[PDB]
Amino acid sequence: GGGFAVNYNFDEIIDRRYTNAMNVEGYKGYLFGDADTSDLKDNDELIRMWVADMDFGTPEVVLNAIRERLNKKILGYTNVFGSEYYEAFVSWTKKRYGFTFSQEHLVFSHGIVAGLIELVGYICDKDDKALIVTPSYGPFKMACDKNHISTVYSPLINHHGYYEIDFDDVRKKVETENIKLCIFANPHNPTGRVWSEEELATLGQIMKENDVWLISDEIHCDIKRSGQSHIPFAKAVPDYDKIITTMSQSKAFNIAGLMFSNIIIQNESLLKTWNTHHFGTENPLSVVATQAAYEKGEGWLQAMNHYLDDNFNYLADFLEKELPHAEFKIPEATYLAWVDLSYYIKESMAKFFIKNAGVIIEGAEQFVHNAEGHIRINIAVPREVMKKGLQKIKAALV
Amino acid sequence: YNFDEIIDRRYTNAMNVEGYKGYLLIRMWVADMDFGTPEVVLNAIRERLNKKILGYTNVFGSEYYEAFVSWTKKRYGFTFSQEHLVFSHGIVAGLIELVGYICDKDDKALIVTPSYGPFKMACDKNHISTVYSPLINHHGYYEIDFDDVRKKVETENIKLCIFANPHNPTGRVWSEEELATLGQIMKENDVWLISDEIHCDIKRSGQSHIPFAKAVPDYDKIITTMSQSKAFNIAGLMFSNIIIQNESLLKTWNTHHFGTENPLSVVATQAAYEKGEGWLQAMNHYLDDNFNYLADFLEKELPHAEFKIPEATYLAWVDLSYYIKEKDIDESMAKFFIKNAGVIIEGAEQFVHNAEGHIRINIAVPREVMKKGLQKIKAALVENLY
Ligand SMILES: Cc1ncc(COP(=O)(O)O)c(C/N=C2\CONC2=O)c1O
Ligand SMILES: Cc1ncc(COP(=O)(O)O)c(C/N=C2\CONC2=O)c1O
């Protein structure tokens, strides 16, 4: 059955020390690069609310699938054979979004950023340009950089944390610049928008009219407030084979470390390129984990989302009371809160909050453009941890 | 340990079982083992699952480095610097990336042949042309043609040599003298060398491994790749070591490399270094006994085949030229043996060049499986021969 009867405990404090977790160990390198961080007090017991992995356990249904695979004793060369994996994945997309795609069109990457890097290389020639809306998940730009593809930004319009696409701006840029590709988060990181069919259709008709490819990164699509629906870009715009879809269970099931992602490529030419040029076999533990999420993970994921919704409600009340000049809207999707602290801001905000709050967040410097004065707070943590972090953030701003 | 155990590989999406009607029944083909990954490794992965979260991971601090370098020191007297250790998702992914950084459009790569095929495919993926130096064959004992290598390096724009130490498919464990001589050629011509040492811990009693960078310590363009994937039967975990001693290339890697690591892959690999030596020694003893049977079997039952016990690997390289000519076999020997023996092997076609007439037999299998496979191979060859 679907996992609805089990009581889960999202309040559980799970120790992440001595696990080589980037969340615990690697904030200085990620946030500050090669810069000197000697001014940071090494012995600060930091509350982690930065990188997008969860402090909630990967559900036992997923972990038990990995255990059963280990019991088969050999961890040799693996690939996705037959149709069982495909059937599990398309069953999920059909059921949840009315989205179907052919088995031939499904290929695999070792995480979605690796997929983006490879895709951009195949799609874009040296003098082609890519468009992103801003603020943006940073690896969308890094994937272009890695391929020597220049990026153009279209800043989203912001009303008090409710963001929308400036279609006039996108259209102008697509028409006047050599834009070959748009990389797009549906739903959006860091703003949390769940795009409507109408928004996606409007963007799709700009892309079709201008022969622009669009990669829809839907990795956050199953993390959303109760009652929200997700519409895949390729469902909203079903008449264009240059929409590529990326989805995984990494975010939803807290298995980013397993590096196994779905890429749906509807363009026969690009698919041939992928098929003949893509190198890599698959990790058996990663594939069994992901398949287990699709087949068995429904109940747990619902419970996780319900708990997150209560965390967002607490956060909203907390900000209203304790930081009334901050601006926040509960996002429609993701476990990431985007908070405008422009009023309180008088060095990078990530450095500020580590030094002055003992809290690790992400700031404007992590989101490319159009992010001034904001932080991103990861609240996929026990409510008690979130409370402690919010208290420290508040103390530092006042 | 019970290396005789028959482990079911069906319903595990294993290439070895599902893929052979695609890469081109008793399975003796692709290089993973039918021996279980050792419990000391599996139990490390189980312990890591008990920590509940499988999030973003990298190699932090020095415990991994300490484990790996203690292994290389103990076993080969080889040490290297922590700063020079980076990671790839398997060695072929690492080769593809390294070739891209090292070589430009009109640089060529050199490989000795016969070769592991992905050495050439790593060059093809980077649009780098490959040049072949055929090894010299003395009745299944292979040697480098130093005259040929010297010529090719001097008279063509060879930027990189990709080298297997020990060698696949011939099994050669190169001597200090061989490595020193080859290294000096490369040093004098300013040629990068990638020494792929993935088979280095699978070797006969009485054979000792010398890393290329140990034999040739004063040339910083020797790159070493090592893994526990072959030795511990964990190729599915896709996690590999690369030792880059050249500061410019290391800077390029650190700036341009993308990827995090799989926590289950890292724990597994670290466990093999920290706890694996006893199982590995036992496995090697059992493999040696498989080779002794194979050598006896071929001498008695297929006397026209040419075969030498390989110094390393679990892979037997067998010249069947005599039989192919006498029978006028006009299909690949992998098709021949699937159809006529019900045995899957790798034919000459998988090994780039200088391979015609040979097959490669994987004998990292229970001894009774190997015996059954060798019986069927022999029967298909001697049918209607005197
Ligand atoms: C839009 C988007 N695409 C792709 C990825 C990568 O997912 P993977 O396949 O690597 O699991 C992320 C991860 N979000 C990152 C992780 O750290 N903070 C973030 O926002 C993301 O937000
Ligand atoms: C010399 C050499 N290098 C690298 C690899 C790749 O190892 P990975 O990092 O992927 O574990 C192999 C695997 N040998 C292959 C595997 O199948 N048949 C063969 O000959 C090999 O022989």
# chains A, B, ... in the order shown; residues from 1 in each chain; ligands from 1

call {"tool": "interface_residues", "arguments": {"of": "chain B", "to": "chain A", "cutoff": "9 Å", "atoms": "only C-alpha atoms", "output": "PyMOL selection string"}}
result
chain B and resi 7-9+12-16+18-19+30-39+42-43+45-46+48-61+89-90+92-93+125+229+233-238+256+258-265

call {"tool": "residues_around", "arguments": {"residues": "residue 293 in chain A", "least_positions_apart": "4", "cutoff": "7 Å", "atoms": "only C-alpha atoms", "output": "ChimeraX atom specification"}}
result
/A:62,249,289,297

call {"tool": "write_last_selection", "arguments": {"atoms": "N, CA, C and O atoms", "output": "CSV table (one decimal), in the first residue's frame"}}
result
chain,number,residue,atom,x,y,z
A,62,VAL,N,12.3,3.6,1.1
A,62,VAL,CA,13.4,3.8,0.1
A,62,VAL,C,14.7,3.1,0.6
A,62,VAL,O,15.3,2.3,-0.1
A,249,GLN,N,13.9,12.1,-8.0
A,249,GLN,CA,13.4,11.9,-6.6
A,249,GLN,C,14.4,12.5,-5.6
A,249,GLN,O,14.2,12.4,-4.5
A,289,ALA,N,16.6,2.8,-5.3
A,289,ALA,CA,16.1,3.9,-4.3
A,289,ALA,C,15.1,4.7,-5.0
A,289,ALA,O,14.0,5.0,-4.5
A,297,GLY,N,6.3,5.6,-2.4
A,297,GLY,CA,6.7,6.8,-1.5
A,297,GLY,C,5.6,7.8,-1.3
A,297,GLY,O,5.8,8.8,-0.7

call {"tool": "residues_around", "arguments": {"residues": "residue 374 in chain A", "least_positions_apart": "3", "cutoff": "8 Å", "atoms": "only C-alpha atoms", "output": "PyMOL selection string"}}
result
chain A and resi 338-342+363-364+371

call {"tool": "write_last_selection", "arguments": {"atoms": "N, CA, C and O atoms", "output": "PDB file, in the first residue's frame"}}
result
ATOM      1  N   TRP A 338      12.035  32.530   0.952  1.00  0.00           N
ATOM      2  CA  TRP A 338      12.724  33.634   0.373  1.00  0.00           C
ATOM      3  C   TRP A 338      12.253  34.899   1.100  1.00  0.00           C
ATOM      4  O   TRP A 338      11.051  35.244   1.074  1.00  0.00           O
ATOM      5  N   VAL A 339      13.186  35.556   1.786  1.00  0.00           N
ATOM      6  CA  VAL A 339      12.835  36.623   2.725  1.00  0.00           C
ATOM      7  C   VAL A 339      13.607  37.896   2.356  1.00  0.00           C
ATOM      8  O   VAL A 339      14.827  37.917   2.248  1.00  0.00           O
ATOM      9  N   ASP A 340      12.842  38.972   2.152  1.00  0.00           N
ATOM     10  CA  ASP A 340      13.391  40.304   1.874  1.00  0.00           C
ATOM     11  C   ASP A 340      13.689  41.016   3.205  1.00  0.00           C
ATOM     12  O   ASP A 340      12.781  41.350   3.976  1.00  0.00           O
ATOM     13  N   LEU A 341      14.982  41.244   3.453  1.00  0.00           N
ATOM     14  CA  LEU A 341      15.507  41.906   4.666  1.00  0.00           C
ATOM     15  C   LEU A 341      16.114  43.271   4.329  1.00  0.00           C
ATOM     16  O   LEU A 341      16.920  43.778   5.106  1.00  0.00           O
ATOM     17  N   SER A 342      15.751  43.830   3.174  1.00  0.00           N
ATOM     18  CA  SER A 342      16.246  45.127   2.693  1.00  0.00           C
ATOM     19  C   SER A 342      16.162  46.190   3.806  1.00  0.00           C
ATOM     20  O   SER A 342      17.058  47.036   3.917  1.00  0.00           O
ATOM     21  N   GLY A 363      22.411  33.801   0.374  1.00  0.00           N
ATOM     22  CA  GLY A 363      22.065  35.181   0.152  1.00  0.00           C
ATOM     23  C   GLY A 363      22.046  35.532  -1.297  1.00  0.00           C
ATOM     24  O   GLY A 363      22.172  34.705  -2.200  1.00  0.00           O
ATOM     25  N   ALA A 364      21.993  36.834  -1.536  1.00  0.00           N
ATOM     26  CA  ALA A 364      21.892  37.337  -2.891  1.00  0.00           C
ATOM     27  C   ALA A 364      22.996  36.782  -3.805  1.00  0.00           C
ATOM     28  O   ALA A 364      22.763  36.497  -4.987  1.00  0.00           O
ATOM     29  N   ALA A 371      18.480  39.771  -6.712  1.00  0.00           N
ATOM     30  CA  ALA A 371      18.250  39.154  -5.399  1.00  0.00           C
ATOM     31  C   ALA A 371      18.638  40.065  -4.232  1.00  0.00           C
ATOM     32  O   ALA A 371      18.639  39.634  -3.083  1.00  0.00           O
TER      33      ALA A 371
END

call {"tool": "atom_distance", "arguments": {"atom1": "CA of residue 271 in chain A", "atom2": "CA of residue 122 in chain A"}}
result
9.9 Å

call {"tool": "atom_distance", "arguments": {"atom1": "CA of residue 231 in chain B", "atom2": "CA of residue 276 in chain B"}}
result
9.6 Å

call {"tool": "select_by_dssp", "arguments": {"residues": "range 183-272 of chain A", "states": "alpha helix (DSSP H)", "output": "list in words"}}
result
residues 197, 198, 199, 200, 201, 202, 203, 204, 205, 206, 207, 208, 209, 233, 234, 235, 236, 250, 251, 252, 253, 268, 269, 270, 271 and 272 of chain A

call {"tool": "atom_distance", "arguments": {"atom1": "atom 15 (C, counted along the ligand's line) of ligand 2", "atom2": "CA of residue 272 in chain B"}}
result
19.7 Å

call {"tool": "select_by_dssp", "arguments": {"residues": "range 129-168 of chain B", "states": "strand (DSSP E)", "output": "list in words"}}
result
residues 129, 130, 131, 132, 133, 134, 136, 137, 138, 141, 142, 143, 158, 159, 160, 161, 162, 163 and 164 of chain B

call {"tool": "write_last_selection", "arguments": {"atoms": "N, CA and C atoms", "output": "mmCIF file, in the first residue's frame"}}
result
data_model
loop_
_atom_site.group_PDB
_atom_site.id
_atom_site.type_symbol
_atom_site.label_atom_id
_atom_site.label_comp_id
_atom_site.auth_asym_id
_atom_site.auth_seq_id
_atom_site.Cartn_x
_atom_site.Cartn_y
_atom_site.Cartn_z
ATOM 1 N N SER B 129 42.518 12.100 -32.056
ATOM 2 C CA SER B 129 42.998 10.956 -32.841
ATOM 3 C C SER B 129 43.946 10.078 -32.009
ATOM 4 N N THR B 130 43.785 8.775 -32.184
ATOM 5 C CA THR B 130 44.568 7.773 -31.469
ATOM 6 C C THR B 130 45.545 7.123 -32.443
ATOM 7 N N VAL B 131 46.719 6.865 -31.905
ATOM 8 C CA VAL B 131 47.829 6.183 -32.596
ATOM 9 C C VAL B 131 48.062 4.889 -31.813
ATOM 10 N N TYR B 132 48.374 3.819 -32.518
ATOM 11 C CA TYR B 132 48.562 2.547 -31.806
ATOM 12 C C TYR B 132 50.005 2.079 -31.870
ATOM 13 N N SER B 133 50.526 1.627 -30.743
ATOM 14 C CA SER B 133 51.803 0.916 -30.716
ATOM 15 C C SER B 133 51.556 -0.543 -30.379
ATOM 16 N N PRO B 134 51.623 -1.472 -31.336
ATOM 17 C CA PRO B 134 51.321 -2.857 -31.014
ATOM 18 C C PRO B 134 52.406 -3.439 -30.109
ATOM 19 N N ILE B 136 54.572 -6.473 -28.621
ATOM 20 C CA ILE B 136 55.248 -7.631 -29.195
ATOM 21 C C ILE B 136 54.770 -8.884 -28.473
ATOM 22 N N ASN B 137 54.380 -9.895 -29.238
ATOM 23 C CA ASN B 137 53.815 -11.104 -28.658
ATOM 24 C C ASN B 137 54.801 -12.270 -28.817
ATOM 25 N N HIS B 138 55.298 -12.800 -27.698
ATOM 26 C CA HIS B 138 56.114 -14.020 -27.691
ATOM 27 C C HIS B 138 55.316 -15.141 -27.011
ATOM 28 N N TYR B 141 53.372 -14.091 -24.088
ATOM 29 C CA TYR B 141 54.065 -13.105 -23.256
ATOM 30 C C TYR B 141 54.279 -11.804 -24.049
ATOM 31 N N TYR B 142 53.621 -10.704 -23.621
ATOM 32 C CA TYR B 142 53.680 -9.480 -24.367
ATOM 33 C C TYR B 142 54.702 -8.500 -23.791
ATOM 34 N N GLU B 143 55.274 -7.705 -24.690
ATOM 35 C CA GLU B 143 56.267 -6.736 -24.331
ATOM 36 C C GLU B 143 56.072 -5.457 -25.150
ATOM 37 N N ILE B 158 52.205 13.418 -30.528
ATOM 38 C CA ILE B 158 51.628 12.695 -29.377
ATOM 39 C C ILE B 158 51.761 13.575 -28.122
ATOM 40 N N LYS B 159 50.604 13.937 -27.564
ATOM 41 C CA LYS B 159 50.479 14.785 -26.389
ATOM 42 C C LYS B 159 50.266 13.911 -25.155
ATOM 43 N N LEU B 160 49.608 12.758 -25.347
ATOM 44 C CA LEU B 160 49.195 11.933 -24.183
ATOM 45 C C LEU B 160 49.319 10.444 -24.535
ATOM 46 N N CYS B 161 49.787 9.670 -23.570
ATOM 47 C CA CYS B 161 49.749 8.210 -23.630
ATOM 48 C C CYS B 161 48.840 7.720 -22.507
ATOM 49 N N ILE B 162 47.836 6.892 -22.839
ATOM 50 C CA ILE B 162 46.961 6.307 -21.863
ATOM 51 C C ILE B 162 47.418 4.849 -21.757
ATOM 52 N N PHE B 163 47.761 4.430 -20.541
ATOM 53 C CA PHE B 163 48.537 3.229 -20.318
ATOM 54 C C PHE B 163 47.882 2.434 -19.188
ATOM 55 N N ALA B 164 47.690 1.132 -19.395
ATOM 56 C CA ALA B 164 47.155 0.271 -18.326
ATOM 57 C C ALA B 164 48.308 -0.474 -17.637
#
